[PDB]
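A.B. asks: If you scroll down you'll find the structure; I have some questions about it.
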Amino acid sequence: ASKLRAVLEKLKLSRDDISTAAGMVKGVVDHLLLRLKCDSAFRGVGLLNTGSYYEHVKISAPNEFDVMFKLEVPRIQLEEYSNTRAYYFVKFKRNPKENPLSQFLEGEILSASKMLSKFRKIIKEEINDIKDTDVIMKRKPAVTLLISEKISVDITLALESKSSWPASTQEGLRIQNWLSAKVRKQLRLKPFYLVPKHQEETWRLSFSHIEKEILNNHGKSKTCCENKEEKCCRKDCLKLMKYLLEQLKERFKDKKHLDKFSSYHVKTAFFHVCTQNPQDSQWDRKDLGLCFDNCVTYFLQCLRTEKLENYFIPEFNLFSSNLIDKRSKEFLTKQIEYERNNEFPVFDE
Ligand SMILES: COc1cc2ncnc3c2c(c1OC)C=C(C)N3c1ccc(Cl)cc1
Ligand SMILES: [Zn+2]
């Protein structure tokens with residue numbers, strides 16, 4: 001309760017410092033954006049979101065920065081890597097003007113592996129040219145860097161499609177009773193992205209932009225969190241959920257049980273709790289303890305039932321036995337139940 005606000009304030013202590021690191025990050029990205037716009041196929045490249053910390057909100061350790069590069073690919077033809085609902089092959093509709101991505105084609109399909117390797121090469125060729133800071137490219141996110149040994153920058157390359165969302169998403173983003181039918185309509189008119197996540201020809205759908213948008217305009221009231229009277233704890237509940245998983249993942253690092261779990265799981269579950277608790281009166285700042293519990297309780301029910309539907313792709317189950325093993329889900333359940341029933345000691349000093 002007061003224990004939870006102490007943790008959120010402690011999570012602020014680190015966030016206050018970031019100001020020096022954010023500037024060093026932007027200097028590298030912009031120099032890499034200019035070197036890419038030189039290339040024939042990467043002329044339409046650019047960063048997704050413009051804001052502070054450069055989309056750092058993933059890890060509560062303020063050193064890991066995640067940046068997304070986008071590239072508009074018009075007249076796109078998506079062919080589902082059938083029955084998966086989320087992974088697609090990239091085909092091209094009409095051939096009057098030859099597309100700059102011809103070099104990455106593997107027949108009709110656009111190879112993500114060929115598209116990545118050239119991208120990965122261009123910047124590695126540019127790192128040795130950098131005389132300002134010390135950049136170390138680690139390959140295992142499409143590309144990763146270690147700026148000044150302290151800063152870690154994970155670069156992701158995404159295709160942008162300004163067309164209608166795939167039929168698999170038709171029944172997703174069920175925000176109607178929370179954010180409204182008007183908002184759903186407006187969000188679905190926005191573009192969608194595809195990330196190289198493999199069959200080294202397949203790309204997975206990305207809605208990181210929609211997610212960010214609904215988190216920064218998350219109430220039923222348009223003035224939610226805009227004044228002292230309408231302050232909810234939606235954002236704090238997500239921050240605590242993300243922090244719980246980070247603390248447990250770090251606790252059991254050399255045990256590989258939680259390797260399949262990520263903050264995406266905790267963000268998905270959170271949006272499902274927002275859909276079931278659509279009223280701003282269900283997220284009052286004074287009720288933080290119970291709201292966080294509602295999030296913990298719902299996550300525990302997802303683990304036990306082995307059902308965590310993708311919030312955009314409802315037939316895609318993130319907790320299927322094909323994605324995460326029963327033992328792994330049962331192991332996370334045991335750890336979270338211990339936390340819940342012991343007043344989250346993993347949050348203590
Ligand atoms: C929009 O749809 C998705 C977005 C994602 N954004 C991040 N990570 C995602 C997704 C997934 C998606 O659904 C198809 C699915 C999975 C398994 N993961 C994921 C989760 C945990 C770990 Cl360890 C690695 C990857
Ligand atoms: Zn709010």
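Every chain in the structure tokens has a letter given in the order shown (A, B, ...), and although residue numbers restart at 1 in each chain, ligands are simply numbered from 1 in the order shown.
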Kindly assemble as JSON lines a list of the chain A residues that lie within 6 Å of ligand 1, each paired with its nearest atom pair and their distance in Å to one decimal, using only C-alpha atoms and all ligand atoms, sorted first by chain and then by ascending residue number.
C.D. replies:
```
{"residue": "A:86", "atom": "CA", "partner": "ligand 1", "partner_atom_place_in_ligand_line": "14 (C)", "distance": 4.7}
{"residue": "A:205", "atom": "CA", "partner": "ligand 1", "partner_atom_place_in_ligand_line": "1 (C)", "distance": 5.0}
{"residue": "A:206", "atom": "CA", "partner": "ligand 1", "partner_atom_place_in_ligand_line": "1 (C)", "distance": 4.7}
{"residue": "A:207", "atom": "CA", "partner": "ligand 1", "partner_atom_place_in_ligand_line": "1 (C)", "distance": 5.6}
{"residue": "A:259", "atom": "CA", "partner": "ligand 1", "partner_atom_place_in_ligand_line": "23 (Cl)", "distance": 5.7}
{"residue": "A:260", "atom": "CA", "partner": "ligand 1", "partner_atom_place_in_ligand_line": "23 (Cl)", "distance": 3.8}
{"residue": "A:261", "atom": "CA", "partner": "ligand 1", "partner_atom_place_in_ligand_line": "23 (Cl)", "distance": 4.7}
{"residue": "A:262", "atom": "CA", "partner": "ligand 1", "partner_atom_place_in_ligand_line": "21 (C)", "distance": 4.6}
{"residue": "A:264", "atom": "CA", "partner": "ligand 1", "partner_atom_place_in_ligand_line": "7 (C)", "distance": 5.4}
{"residue": "A:310", "atom": "CA", "partner": "ligand 1", "partner_atom_place_in_ligand_line": "13 (O)", "distance": 5.8}
{"residue": "A:318", "atom": "CA", "partner": "ligand 1", "partner_atom_place_in_ligand_line": "17 (C)", "distance": 5.7}
```
A.B. asks: With only C-alpha atoms as the counted atoms, please give the residues lying no more than 8 Å from segment 7-14 of chain A, apart from itself and same-chain residues fewer than 5 positions off, as a list in words.
C.D. replies: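 So the residues in contact are residues 60, 61, 62, 236, 239, 240 and 347 of chain A.
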A.B. asks: For N, CA and C atoms, I'd like the residues from the last selection saved as a short mmCIF file (atom, residue, chain, number, x, y, z; two decimals), in the first residue's frame.
C.D. replies:
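Saved file selection.cif follows:
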```cif
data_model
loop_
_atom_site.label_atom_id
_atom_site.label_comp_id
_atom_site.auth_asym_id
_atom_site.auth_seq_id
_atom_site.Cartn_x
_atom_site.Cartn_y
_atom_site.Cartn_z
N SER A 60 13.52 -1.32 -16.23
CA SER A 60 13.65 -0.33 -15.14
C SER A 60 15.12 0.02 -14.79
N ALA A 61 16.10 -0.65 -15.44
CA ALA A 61 17.53 -0.37 -15.30
C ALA A 61 17.83 0.68 -16.40
N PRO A 62 18.07 1.96 -16.02
CA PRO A 62 18.24 3.02 -17.03
C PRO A 62 19.60 3.03 -17.73
N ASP A 236 1.00 3.21 -12.91
CA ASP A 236 1.73 2.72 -11.72
C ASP A 236 1.55 1.23 -11.59
N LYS A 239 3.80 -0.36 -14.27
CA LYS A 239 5.18 -0.18 -13.78
C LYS A 239 5.52 -1.24 -12.71
N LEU A 240 4.64 -1.46 -11.72
CA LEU A 240 4.82 -2.46 -10.65
C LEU A 240 4.82 -3.91 -11.19
N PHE A 347 10.32 -6.53 -3.59
CA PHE A 347 10.30 -5.08 -3.77
C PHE A 347 11.09 -4.37 -2.64
#
```
A.B. asks: Output the neighbourhood of ligand 2 as a PyMOL selection string, that is, all protein and nucleic acid residues with some atom at most 10 Å from the ligand, counting only C-alpha atoms and all ligand atoms.
C.D. replies: chain A and resi 215-227+230-236+280+283-285
A.B. asks: Quick one: residues within 12 Å of segment 323-325 of chain A, only C-alpha atoms, excluding same-chain residues fewer than 3 positions away - as a list in words?
C.D. replies: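 Those residues are residues 84, 256, 257, 258, 259, 260, 261, 262, 265, 303, 304, 306, 307, 308, 316, 317, 318, 319, 320, 328, 329, 330, 331 and 332 of chain A.
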A.B. asks: Show me a table, sorted first by chain and then by increasing residue number, of the residues of segment 58-166 of chain A having an atom at most 9 Å from segment 36-51 of chain A, each with its shortest atom pair and the distance in Å to one decimal, counting only C-alpha atoms and written as a Markdown table.
C.D. replies:
```
| residue | atom | partner | partner_atom | distance |
| --- | --- | --- | --- | --- |
| A:67 | CA | A:47 | CA | 7.4 |
| A:68 | CA | A:48 | CA | 5.9 |
| A:69 | CA | A:47 | CA | 4.6 |
| A:70 | CA | A:46 | CA | 5.5 |
| A:71 | CA | A:45 | CA | 4.7 |
| A:72 | CA | A:44 | CA | 6.5 |
| A:73 | CA | A:44 | CA | 9.0 |
| A:99 | CA | A:41 | CA | 8.4 |
| A:100 | CA | A:41 | CA | 4.7 |
| A:101 | CA | A:41 | CA | 5.6 |
| A:102 | CA | A:41 | CA | 8.5 |
| A:103 | CA | A:41 | CA | 8.3 |
| A:119 | CA | A:42 | CA | 8.3 |
| A:122 | CA | A:36 | CA | 7.3 |
| A:123 | CA | A:36 | CA | 8.0 |
```
A.B. asks: Once you count only C-alpha atoms, what closest atom pair and distance in Å to one decimal does each residue of segment 251-345 of chain A within 12 Å of segment 179-196 of chain A have, with rows by chain and rising residue number, as a Markdown table?
C.D. replies:
```
| residue | atom | partner | partner_atom | distance |
| --- | --- | --- | --- | --- |
| A:271 | CA | A:179 | CA | 11.4 |
| A:274 | CA | A:179 | CA | 9.6 |
| A:275 | CA | A:179 | CA | 8.9 |
| A:276 | CA | A:179 | CA | 11.9 |
| A:277 | CA | A:179 | CA | 11.4 |
| A:278 | CA | A:179 | CA | 7.9 |
| A:279 | CA | A:179 | CA | 9.8 |
| A:280 | CA | A:179 | CA | 10.8 |
| A:312 | CA | A:188 | CA | 10.5 |
```
A.B. asks: Those same residues - N, CA and C atoms - I'd like them written as a PDB file, in the first residue's frame.
C.D. replies:
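Saved as result00.pdb:
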```pdb
ATOM      1  N   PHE A 271      -3.629  -4.761 -20.169  1.00  0.00           N
ATOM      2  CA  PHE A 271      -4.637  -4.233 -21.089  1.00  0.00           C
ATOM      3  C   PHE A 271      -5.922  -5.002 -20.957  1.00  0.00           C
ATOM      4  N   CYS A 274      -7.571  -3.657 -17.941  1.00  0.00           N
ATOM      5  CA  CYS A 274      -8.126  -2.338 -18.280  1.00  0.00           C
ATOM      6  C   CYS A 274      -9.461  -2.513 -18.979  1.00  0.00           C
ATOM      7  N   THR A 275      -9.610  -3.596 -19.780  1.00  0.00           N
ATOM      8  CA  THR A 275     -10.845  -3.889 -20.490  1.00  0.00           C
ATOM      9  C   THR A 275     -11.905  -4.403 -19.542  1.00  0.00           C
ATOM     10  N   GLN A 276     -11.497  -5.111 -18.505  1.00  0.00           N
ATOM     11  CA  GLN A 276     -12.487  -5.663 -17.618  1.00  0.00           C
ATOM     12  C   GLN A 276     -12.880  -4.659 -16.526  1.00  0.00           C
ATOM     13  N   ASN A 277     -11.966  -3.705 -16.208  1.00  0.00           N
ATOM     14  CA  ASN A 277     -12.160  -2.614 -15.250  1.00  0.00           C
ATOM     15  C   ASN A 277     -12.169  -1.314 -16.064  1.00  0.00           C
ATOM     16  N   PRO A 278     -13.236  -1.013 -16.842  1.00  0.00           N
ATOM     17  CA  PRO A 278     -13.153   0.144 -17.753  1.00  0.00           C
ATOM     18  C   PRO A 278     -13.343   1.524 -17.128  1.00  0.00           C
ATOM     19  N   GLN A 279     -13.826   1.566 -15.887  1.00  0.00           N
ATOM     20  CA  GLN A 279     -14.146   2.797 -15.195  1.00  0.00           C
ATOM     21  C   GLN A 279     -12.982   3.383 -14.471  1.00  0.00           C
ATOM     22  N   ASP A 280     -12.840   4.696 -14.547  1.00  0.00           N
ATOM     23  CA  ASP A 280     -11.773   5.423 -13.884  1.00  0.00           C
ATOM     24  C   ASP A 280     -11.851   5.263 -12.350  1.00  0.00           C
ATOM     25  N   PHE A 312      -4.266  -7.789 -29.658  1.00  0.00           N
ATOM     26  CA  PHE A 312      -4.502  -7.354 -31.022  1.00  0.00           C
ATOM     27  C   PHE A 312      -4.943  -8.513 -31.902  1.00  0.00           C
TER      28      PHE A 312
END
```
A.B. asks: Apply DSSP to the backbone of this structure and, from segment 52-288 of chain A, keep only the residues in alpha helix (DSSP H); write these as a PyMOL selection string.
C.D. replies: chain A and resi 112-127+181-188+208-215+234-251+263-276+288
A.B. asks: A:255, A:140, A:242, A:3: which is nearest residue 296 of chain A, counting only C-alpha atoms?
C.D. replies: A:242
A.B. asks: I need the strand (DSSP E or B) residues of segment 83-293 of chain A per DSSP on the backbone, written as a ChimeraX atom specification.
C.D. replies: /A:87-92,105-106,109-110,143-147,151-161,192-195,202-206,232,284
A.B. asks: If you keep N, CA, C and O atoms, can you produce a file of those selected residues as a compact mmCIF listing (two decimals), in the first residue's frame?
C.D. replies:
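Result file is part.txt:
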```
# COMPACT_ATOMS: atom_id res chain seq x y z
N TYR A 87 2.48 -14.24 -37.90
CA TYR A 87 3.68 -14.28 -38.71
C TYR A 87 3.32 -14.36 -40.17
O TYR A 87 2.50 -15.19 -40.57
N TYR A 88 3.89 -13.44 -40.96
CA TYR A 88 3.56 -13.26 -42.36
C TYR A 88 4.79 -13.19 -43.25
O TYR A 88 5.86 -12.79 -42.80
N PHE A 89 4.60 -13.55 -44.54
CA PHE A 89 5.58 -13.43 -45.61
C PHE A 89 5.29 -12.10 -46.28
O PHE A 89 4.13 -11.67 -46.32
N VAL A 90 6.32 -11.43 -46.79
CA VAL A 90 6.08 -10.14 -47.42
C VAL A 90 6.21 -10.24 -48.96
O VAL A 90 7.29 -10.45 -49.49
N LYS A 91 5.06 -10.11 -49.64
CA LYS A 91 4.91 -10.13 -51.10
C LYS A 91 4.62 -8.71 -51.59
O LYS A 91 4.25 -7.85 -50.79
N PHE A 92 4.79 -8.46 -52.89
CA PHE A 92 4.58 -7.13 -53.46
C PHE A 92 3.48 -7.10 -54.53
O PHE A 92 3.51 -7.88 -55.48
N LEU A 105 14.59 -9.77 -52.16
CA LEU A 105 13.60 -10.74 -52.63
C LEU A 105 14.19 -12.14 -52.79
O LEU A 105 15.32 -12.29 -53.27
N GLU A 106 13.42 -13.14 -52.36
CA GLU A 106 13.70 -14.57 -52.43
C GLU A 106 12.51 -15.19 -53.17
O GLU A 106 11.76 -16.01 -52.61
N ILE A 109 8.53 -13.43 -52.25
CA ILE A 109 8.70 -13.11 -50.83
C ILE A 109 9.97 -12.30 -50.52
O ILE A 109 11.02 -12.54 -51.10
N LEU A 110 9.86 -11.38 -49.55
CA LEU A 110 10.94 -10.53 -49.06
C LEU A 110 11.59 -11.20 -47.86
O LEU A 110 10.95 -11.36 -46.82
N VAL A 143 19.80 -5.31 -34.19
CA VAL A 143 21.16 -4.83 -33.89
C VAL A 143 21.22 -4.33 -32.44
O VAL A 143 20.22 -3.85 -31.92
N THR A 144 22.39 -4.46 -31.78
CA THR A 144 22.63 -3.98 -30.42
C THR A 144 24.00 -3.30 -30.35
O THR A 144 24.92 -3.71 -31.05
N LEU A 145 24.12 -2.24 -29.53
CA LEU A 145 25.36 -1.48 -29.35
C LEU A 145 25.67 -1.30 -27.87
O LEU A 145 24.78 -1.40 -27.03
N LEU A 146 26.95 -1.00 -27.56
CA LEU A 146 27.40 -0.73 -26.20
C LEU A 146 28.20 0.57 -26.21
O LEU A 146 29.44 0.56 -26.24
N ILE A 147 27.47 1.69 -26.23
CA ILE A 147 28.02 3.04 -26.27
C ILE A 147 28.66 3.40 -24.92
O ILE A 147 28.01 3.29 -23.88
N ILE A 151 26.18 2.49 -21.69
CA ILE A 151 24.92 2.53 -22.44
C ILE A 151 24.77 1.33 -23.37
O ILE A 151 25.70 0.99 -24.11
N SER A 152 23.58 0.71 -23.35
CA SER A 152 23.20 -0.41 -24.20
C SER A 152 22.04 0.05 -25.09
O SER A 152 20.98 0.43 -24.58
N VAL A 153 22.24 0.05 -26.42
CA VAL A 153 21.21 0.49 -27.37
C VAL A 153 20.81 -0.65 -28.33
O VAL A 153 21.62 -1.08 -29.15
N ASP A 154 19.55 -1.11 -28.23
CA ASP A 154 18.96 -2.15 -29.06
C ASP A 154 18.13 -1.53 -30.18
O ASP A 154 17.06 -0.96 -29.94
N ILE A 155 18.64 -1.64 -31.41
CA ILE A 155 18.02 -1.11 -32.63
C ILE A 155 17.17 -2.18 -33.33
O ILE A 155 17.66 -3.27 -33.59
N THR A 156 15.90 -1.85 -33.61
CA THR A 156 14.97 -2.75 -34.31
C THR A 156 14.52 -2.09 -35.61
O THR A 156 14.19 -0.90 -35.62
N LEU A 157 14.48 -2.87 -36.70
CA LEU A 157 14.07 -2.39 -38.01
C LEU A 157 12.67 -2.91 -38.34
O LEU A 157 12.47 -4.12 -38.36
N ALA A 158 11.72 -2.00 -38.58
CA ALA A 158 10.36 -2.39 -38.90
C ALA A 158 9.82 -1.83 -40.20
O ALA A 158 10.07 -0.68 -40.56
N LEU A 159 9.04 -2.66 -40.90
CA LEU A 159 8.36 -2.26 -42.12
C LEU A 159 7.09 -1.57 -41.68
O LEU A 159 6.49 -1.99 -40.69
N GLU A 160 6.71 -0.49 -42.36
CA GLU A 160 5.49 0.27 -42.07
C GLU A 160 4.49 0.03 -43.20
O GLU A 160 4.84 0.15 -44.38
N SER A 161 3.26 -0.34 -42.85
CA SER A 161 2.21 -0.58 -43.82
C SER A 161 1.05 0.34 -43.47
O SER A 161 0.49 0.26 -42.39
N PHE A 192 0.45 0.01 -39.44
CA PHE A 192 0.88 -1.11 -38.61
C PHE A 192 2.29 -1.46 -39.02
O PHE A 192 2.75 -1.01 -40.07
N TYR A 193 3.01 -2.17 -38.15
CA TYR A 193 4.40 -2.48 -38.42
C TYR A 193 4.65 -3.96 -38.44
O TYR A 193 3.80 -4.73 -38.00
N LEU A 194 5.79 -4.36 -39.03
CA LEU A 194 6.21 -5.75 -39.14
C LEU A 194 7.66 -5.84 -38.74
O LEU A 194 8.48 -5.10 -39.27
N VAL A 195 7.98 -6.72 -37.80
CA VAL A 195 9.36 -6.87 -37.34
C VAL A 195 9.98 -8.22 -37.78
O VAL A 195 9.27 -9.23 -37.85
N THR A 202 9.63 -14.89 -42.67
CA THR A 202 8.52 -14.41 -41.83
C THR A 202 8.84 -13.21 -40.96
O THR A 202 9.92 -13.14 -40.35
N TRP A 203 7.85 -12.30 -40.85
CA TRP A 203 7.83 -11.07 -40.06
C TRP A 203 6.60 -11.12 -39.17
O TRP A 203 5.55 -11.58 -39.62
N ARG A 204 6.71 -10.62 -37.93
CA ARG A 204 5.63 -10.58 -36.93
C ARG A 204 5.07 -9.16 -36.83
O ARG A 204 5.84 -8.19 -36.87
N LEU A 205 3.74 -9.04 -36.68
CA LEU A 205 3.04 -7.77 -36.51
C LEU A 205 3.51 -7.01 -35.26
O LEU A 205 3.82 -7.63 -34.23
N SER A 206 3.59 -5.67 -35.38
CA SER A 206 3.97 -4.77 -34.29
C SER A 206 2.92 -3.66 -34.15
O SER A 206 2.46 -3.11 -35.15
N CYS A 232 -5.68 8.50 -11.67
CA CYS A 232 -5.79 7.04 -11.55
C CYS A 232 -4.40 6.38 -11.32
O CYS A 232 -3.40 7.10 -11.24
N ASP A 284 -8.64 4.34 -8.97
CA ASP A 284 -8.31 5.46 -8.09
C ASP A 284 -6.95 5.32 -7.40
O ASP A 284 -6.64 4.27 -6.86
```
A.B. asks: Quick one: residues within 10 Å of residue 299 of chain A, only C-alpha atoms counted, chain neighbours fewer than 3 positions away excluded, as a PyMOL selection string?
C.D. replies: chain A and resi 241+265-266+268-270+272-273+293-296+302-305+307-308+333+336
A.B. asks: Export, as an mmCIF file, in the first residue's frame, the selected residues with N, CA, C and O atoms.
C.D. replies:
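part_9.cif was written with the following content:
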```cif
data_model
loop_
_atom_site.group_PDB
_atom_site.id
_atom_site.type_symbol
_atom_site.label_atom_id
_atom_site.label_comp_id
_atom_site.auth_asym_id
_atom_site.auth_seq_id
_atom_site.Cartn_x
_atom_site.Cartn_y
_atom_site.Cartn_z
ATOM 1 N N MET A 241 3.888 -4.223 -12.143
ATOM 2 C CA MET A 241 3.808 -5.523 -12.797
ATOM 3 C C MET A 241 5.105 -5.803 -13.556
ATOM 4 O O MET A 241 5.672 -6.881 -13.390
ATOM 5 N N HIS A 265 4.149 -9.876 -21.975
ATOM 6 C CA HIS A 265 3.150 -10.700 -21.306
ATOM 7 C C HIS A 265 2.385 -9.899 -20.225
ATOM 8 O O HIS A 265 1.155 -9.923 -20.184
ATOM 9 N N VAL A 266 3.129 -9.137 -19.411
ATOM 10 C CA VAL A 266 2.636 -8.331 -18.317
ATOM 11 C C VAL A 266 1.877 -7.099 -18.868
ATOM 12 O O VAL A 266 0.844 -6.735 -18.339
ATOM 13 N N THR A 268 0.303 -7.147 -21.947
ATOM 14 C CA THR A 268 -0.898 -7.758 -22.513
ATOM 15 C C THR A 268 -1.950 -7.967 -21.423
ATOM 16 O O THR A 268 -3.070 -7.486 -21.569
ATOM 17 N N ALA A 269 -1.580 -8.671 -20.327
ATOM 18 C CA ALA A 269 -2.465 -8.962 -19.211
ATOM 19 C C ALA A 269 -3.059 -7.669 -18.620
ATOM 20 O O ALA A 269 -4.273 -7.590 -18.375
ATOM 21 N N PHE A 270 -2.218 -6.646 -18.465
ATOM 22 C CA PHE A 270 -2.600 -5.333 -17.980
ATOM 23 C C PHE A 270 -3.742 -4.725 -18.823
ATOM 24 O O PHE A 270 -4.723 -4.259 -18.243
ATOM 25 N N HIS A 272 -5.833 -6.328 -20.693
ATOM 26 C CA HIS A 272 -7.034 -7.160 -20.459
ATOM 27 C C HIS A 272 -7.720 -6.783 -19.137
ATOM 28 O O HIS A 272 -8.938 -6.867 -19.061
ATOM 29 N N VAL A 273 -6.948 -6.364 -18.109
ATOM 30 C CA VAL A 273 -7.485 -5.888 -16.815
ATOM 31 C C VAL A 273 -8.143 -4.495 -17.034
ATOM 32 O O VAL A 273 -9.159 -4.199 -16.412
ATOM 33 N N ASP A 293 -3.104 -5.575 -6.917
ATOM 34 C CA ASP A 293 -3.590 -6.921 -6.660
ATOM 35 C C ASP A 293 -4.486 -7.465 -7.782
ATOM 36 O O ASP A 293 -4.289 -8.619 -8.161
ATOM 37 N N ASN A 294 -5.396 -6.617 -8.366
ATOM 38 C CA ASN A 294 -6.259 -6.992 -9.477
ATOM 39 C C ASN A 294 -5.420 -7.429 -10.657
ATOM 40 O O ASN A 294 -5.778 -8.378 -11.342
ATOM 41 N N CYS A 295 -4.305 -6.731 -10.902
ATOM 42 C CA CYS A 295 -3.353 -7.063 -11.965
ATOM 43 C C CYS A 295 -2.619 -8.368 -11.671
ATOM 44 O O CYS A 295 -2.496 -9.194 -12.569
ATOM 45 N N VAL A 296 -2.175 -8.573 -10.411
ATOM 46 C CA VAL A 296 -1.437 -9.790 -10.000
ATOM 47 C C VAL A 296 -2.344 -11.018 -10.113
ATOM 48 O O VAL A 296 -1.958 -12.043 -10.677
ATOM 49 N N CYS A 302 -4.146 -16.217 -15.709
ATOM 50 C CA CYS A 302 -3.620 -16.466 -17.061
ATOM 51 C C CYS A 302 -2.607 -17.608 -17.031
ATOM 52 O O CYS A 302 -2.636 -18.455 -17.916
ATOM 53 N N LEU A 303 -1.662 -17.584 -16.060
ATOM 54 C CA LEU A 303 -0.644 -18.638 -15.941
ATOM 55 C C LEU A 303 -1.295 -19.963 -15.706
ATOM 56 O O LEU A 303 -1.045 -20.882 -16.481
ATOM 57 N N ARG A 304 -2.196 -20.044 -14.704
ATOM 58 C CA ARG A 304 -2.904 -21.279 -14.331
ATOM 59 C C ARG A 304 -3.821 -21.809 -15.413
ATOM 60 O O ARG A 304 -3.907 -23.006 -15.582
ATOM 61 N N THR A 305 -4.484 -20.947 -16.159
ATOM 62 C CA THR A 305 -5.386 -21.424 -17.189
ATOM 63 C C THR A 305 -4.658 -21.622 -18.510
ATOM 64 O O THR A 305 -5.244 -22.139 -19.458
ATOM 65 N N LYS A 307 -3.867 -19.386 -20.581
ATOM 66 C CA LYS A 307 -4.448 -18.541 -21.612
ATOM 67 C C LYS A 307 -4.058 -17.095 -21.388
ATOM 68 O O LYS A 307 -4.462 -16.492 -20.389
ATOM 69 N N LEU A 308 -3.269 -16.538 -22.324
ATOM 70 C CA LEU A 308 -2.933 -15.118 -22.420
ATOM 71 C C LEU A 308 -3.057 -14.716 -23.860
ATOM 72 O O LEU A 308 -2.085 -14.798 -24.611
ATOM 73 N N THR A 333 4.009 -19.088 -11.415
ATOM 74 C CA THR A 333 2.836 -19.076 -10.525
ATOM 75 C C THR A 333 3.307 -19.217 -9.056
ATOM 76 O O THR A 333 2.888 -18.443 -8.198
ATOM 77 N N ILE A 336 5.199 -15.904 -8.002
ATOM 78 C CA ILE A 336 4.274 -14.783 -7.852
ATOM 79 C C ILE A 336 3.333 -15.020 -6.657
ATOM 80 O O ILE A 336 3.128 -14.094 -5.871
#
```
A.B. asks: Hey, which of A:177, A:297, A:133, A:263 ends up closest to residue 150 of chain A? Count only C-alpha atoms.
C.D. replies: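 Closest to residue 150 of chain A of all the choices is A:133.
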A.B. asks: For residue 35 of chain A, which residue out of A:127, A:59, A:76, A:135 is the nearest one, using only C-alpha atoms?
C.D. replies: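 Among the listed residues, A:127 lies closest to residue 35 of chain A.
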A.B. asks: Between atom CA of residue 129 of chain A and atom CA of residue 113 of chain A, what is the distance in Å, rounded to a tenth?
C.D. replies: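 It comes out at 24.8 Å.
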A.B. asks: With distances taken over only C-alpha atoms, which residue among A:57, A:25, A:32, A:313 lies nearest residue 148 of chain A?
C.D. replies: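 Between A:57, A:25, A:32, A:313, the residue approaching residue 148 of chain A most closely is A:25.
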A.B. asks: Atom CA of residue 244 of chain A and atom CA of residue 346 of chain A are how many Å apart?
C.D. replies: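 Separating atom CA of residue 244 of chain A from atom CA of residue 346 of chain A is a distance of 7.5 Å.
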